[PDB]
Structures are given as structure tokens and as C-alpha cells.
Amino acid sequence: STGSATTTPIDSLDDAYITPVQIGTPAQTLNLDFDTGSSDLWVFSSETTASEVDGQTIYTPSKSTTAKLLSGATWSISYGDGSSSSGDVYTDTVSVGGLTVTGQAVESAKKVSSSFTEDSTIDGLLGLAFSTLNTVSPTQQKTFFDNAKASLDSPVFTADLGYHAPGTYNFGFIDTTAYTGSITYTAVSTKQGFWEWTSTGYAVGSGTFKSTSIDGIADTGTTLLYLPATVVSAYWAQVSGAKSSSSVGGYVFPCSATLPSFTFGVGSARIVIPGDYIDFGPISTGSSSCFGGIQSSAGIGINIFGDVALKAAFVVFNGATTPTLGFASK
């Protein structure tokens, strides 16, 4: 089997991407944030504290003939940005782009933090990291990909995120028309439960490539590119007027600037992030200070190849017995 779904930016900055997901019988379609940095599929629901729902579409398990309470199971998660959610668990039929899993754990939110409430466009998350990170207790649950894997034509999914445009998540096959050149594959460590890999270096604009190992995770659920302070300093030093602002919480730059590209290494291959991808607009409405899309990972504890990086590539998440990551230009 295979699946193919379009993923759409939630706003004009590509702050996140939503993908339609069918849950239950008859189908209830919710727009979920596919997140390769976590491993819980959770949704706004009929159980969510009413004051914490503001415009989201909810899952109502009592209206699904295939929903079953997973007795005794609870979940609770906290994300790197400080947001959180928790609740109880159902199993139900879940389909993504024509690909169907029966008995998928659907984690029903009783509580969500303000960040989620305030984002009307995201109805929940669909985790695509390794199932070892899944927070369901006392019986840990498998991700949608893990459940689908054995049925897939090939044990892979791919992320093809658009810049200011829709893209695609495919399950079970590699669309050879979706990228240019060849796909370069690189080793993955699953030790922390992430799609963790090591980039071979970077360049700033038309500058020389610096060979240096950068360990980080491929994370579709994080907006920006978070890299070591040395790397980030080298980038923003090429932008006149750019500075790190503690009050804003990162690098800002004059909105009148033209940003240089940023290149990262995948083995001997190179992925180029155009400068425009690194512009996240005014820090506040009407400001001439703009927020940068490359930020320091210092104090996160991990480097994160988020959407800024991933959307410059066609990315293969290979879930073979020994997982790997593939990157191609597009």
C-alpha cells in the first residue's frame, strides 16, 4: 500500500504545515501537524476543556462506530517550545492520503496549553519520530508510520515541504519526479528517539564550504533552523545590521536586507537554502526589524534541522531495519 497527502502552510510565513487526516467511521477530517520530532498522534476533541478550544475542528469519538476507549491509558507531552497537552486515548481507524491504519492510538486532548488554543489552524499533531518517544502510559503506543510500515510497498515516508506553497507527504514510495539529481543517504541514530544524523558542514552565501560535523535532528514540527552559535554567528555576520536580541529572543535583521543563502552538507552532497527562506518577517506588525530563520541551538541541547532547512530538500525518512535519511535537491 501507499499514501499521498498534500501539506499546506498555516500562514504566510510557513510557521507550520497542516495535512488532512481522516479519523473514525464515518470519517472525521482533522488538519494535523505532521511532526518528525515527536511520536504522539493527538487531537482536539469533544473532551477538550471548552475554554481551551478556539476554532479548531474536534474529534468526537462517540460519533465514530470504530472508536474504542483504550482503557486506563493516559498521555501527557511537552514540546521544545514550552507548549503541552494531555488526555486519554482511543483506538480508531486513521487514514492519510488513502493509506489506512486500523487500531491506531488516537490521543484525545483533555487539556492543551495556550499556544495550541491560540492556533485555530492546527487540530492536533501526528508524530513521525520513533515510537520509543510515545508518551502513552502504562502501555506505550506506536506511531501511524510504525503501524503502517509492514503494509507499505517500501518502509519509507517522504517530506516535500513547500516554500510559501503546498507540498506533499508520501508513504510507502519515493516519487522520482519530485526531486532533481540523486538522493544522498546518510546514517541515523535512533538512540534519542529522533531522526538524528550528522551534517558534513556548511557554507554562507557564495563562501567556501566549511567541513565540520554537525549532529542534529530532521524535525518537520520545528519552524526554524537551529545550529551551533559559531555557525549562526558566521551566517548573520554577512547581513549588515543583523544582531542577536535578547529582548526579541534571537537574531533579527533589517527588513531592508537581502539575505545570503545557507548551504548544509549531506555526505558529499549539498543542500542550498535560498536567503528568502530565512526571512520570517517583522518581529511585530509594522516593525522594520525582521526575525531570522537561522537561530542558535545553544541552550536547546540539540541542533534542529527544522522546516527552513527541510523545505529546501526532498527528504526520505527510511524506516528499514537500520533507518537512514535521504536528501535531494528539488
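Side chains are part of it too, since the values below use all heavy atoms of this structure and drop only hydrogens, waters and symmetry mates. Residues: numbered from 1 along the sequence shown.
- Checking side-chain atoms of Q140 against main-chain N and O of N134 turns up a donor-acceptor pair under 3.5 Å.
- Summarising the geometry, atom CZ belonging to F116 is positioned 7.5 Å from atom CD1 belonging to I122; distances are rounded to the nearest 0.5 Å.
- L99 approaches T2 most closely through the heavy-atom pair CB-O, 3.6 Å.
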Would you mind writing out the side-chain donor-acceptor pairs for residues 310-324 within the sub-3.5 Å range, not counting sequence neighbours?
| from | atom 1 | to | atom 2 | distance (Å) |
| --- | --- | --- | --- | --- |
| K311 | NZ | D14 | OD2 | 2.8 |
| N318 | OD1 | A320 | N | 3.1 |
| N318 | ND2 | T324 | OG1 | 3.0 |

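- Closest approach of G267 and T200 over heavy atoms only: O-OG1, 2.8 Å.
- Not a single side-chain hydrogen bond (donor to acceptor under 3.5 Å, both in side chains) links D54 to another residue, sequence neighbours left out.
- Between the side chains of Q22 and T29, at least one donor N or O lies within less than 3.5 Å of an accepting N or O.
- Between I214 and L227 the shortest side-chain heavy-atom distance falls below 4.5 Å.
- With sequence neighbours excluded, no residue forms a side-chain hydrogen bond (donor to acceptor under 3.5 Å, both in side chains) with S287.
- Legend: residues meeting salt bridge (charged side-chain N to carboxylate O under 4.0 Å, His left out) with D160, ordered by chain and number and at least two apart, are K330.
- Between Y79 and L125, the closest side-chain pair of non-hydrogen atoms falls below 4.5 Å.
- A continuous path of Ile, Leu, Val, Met, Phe, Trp and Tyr side chains, each step under 4.5 Å between heavy atoms, connects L133 with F130, placing both in one hydrophobic cluster.
- Note: the hydrophobic cluster containing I300 also contains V232 (ILVMFWY, side chain heavy atoms under 4.5 Å, direct or indirect links).
- Residues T93 and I23 fail the side-chain proximity criterion, which asks for heavy atoms closer than 4.5 Å.
- Between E107 and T135, the closest side-chain pair of non-hydrogen atoms falls below 4.5 Å.
- Under the 4.5 Å side-chain criterion, counting only non-hydrogen atoms from C-beta, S289 is not in contact with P254.
- Between the OG atom of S39 and the CD1 atom of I77 there is a distance of 7.5 Å, given to the nearest 0.5 Å.
- Rounded to the nearest 0.5 angstrom, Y90 OH and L70 CG are separated by 10.5 Å.
- Residue pairs meeting the side-chain hydrogen bond (donor to acceptor under 3.5 Å, both in side chains) criterion with at least one partner in residues 266-281, sequence neighbours excluded, do not occur; the list is empty.
- Listed by first and then second residue, the ring-ring contact (aromatic ring centres under 6.0 Å, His included) pairs involving residues 293-313 are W197-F305, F264-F305 (not counting sequence neighbours).
- With hydrophobic clusters built from ILVMFWY side chains whose heavy atoms lie under 4.5 angstrom apart, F262 shares a cluster with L13.
- With contacts defined as side-chain heavy-atom distances shorter than 4.5 Å, the pair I18/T7 does not qualify.
- Taking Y169 as the reference, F34 meet the ring-ring contact (aromatic ring centres under 6.0 Å, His included) condition, with sequence neighbours excluded.
- Listed by first and then second residue, the side-chain hydrogen bond (donor to acceptor under 3.5 Å, both in side chains) pairs involving residues 204-219 are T198-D215, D219-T222 (not counting sequence neighbours).
- No side-chain heavy atom of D307 sits under 4.5 Å from any side-chain heavy atom of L224.
- In this structure, the side chain to side chain contact (heavy atoms under 4.5 Å, CB included) partners of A269, at least two apart in sequence or on a different chain, are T184.
- Inter-residue side-chain proximity for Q104 and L41 is flagged as met; some heavy-atom pair is nearer than 4.5 Å.
- Residue pairs meeting the salt bridge (charged side-chain N to carboxylate O under 4.0 Å, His left out) criterion with at least one partner in residues 246-257, sequence neighbours excluded, are absent.
- Looking at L30, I58, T57, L126 one by one, the single match for side-chain contact (heavy atoms from CB on, under 4.5 Å) with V43 turns out to be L30.
- Qualifying side-chain hydrogen bond (donor to acceptor under 3.5 Å, both in side chains) partners for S38, counting only residues two or more places apart in sequence or in other chains: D35.
- Side-chain heavy atoms closer than 4.5 Å link hydrophobic residues (I, L, V, M, F, W, Y) into clusters, and following such links, possibly through other members, connects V248 to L225.
- The aromatic ring centres of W42 and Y59 sit 6.0 Å or more apart.
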Would you sort out whether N31 and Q56 count as a side chain to side chain donor-acceptor pair (under 3.5 Å), showing the intermediate values? CA-CA 9 Å; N31 298 327; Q56 295 83 8; over 6 Å; no
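- The ring-ring contact (aromatic ring centres under 6.0 Å, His included) pairs that include a residue from residues 6-26 number zero, where partners must be two or more places apart or lie in different chains.
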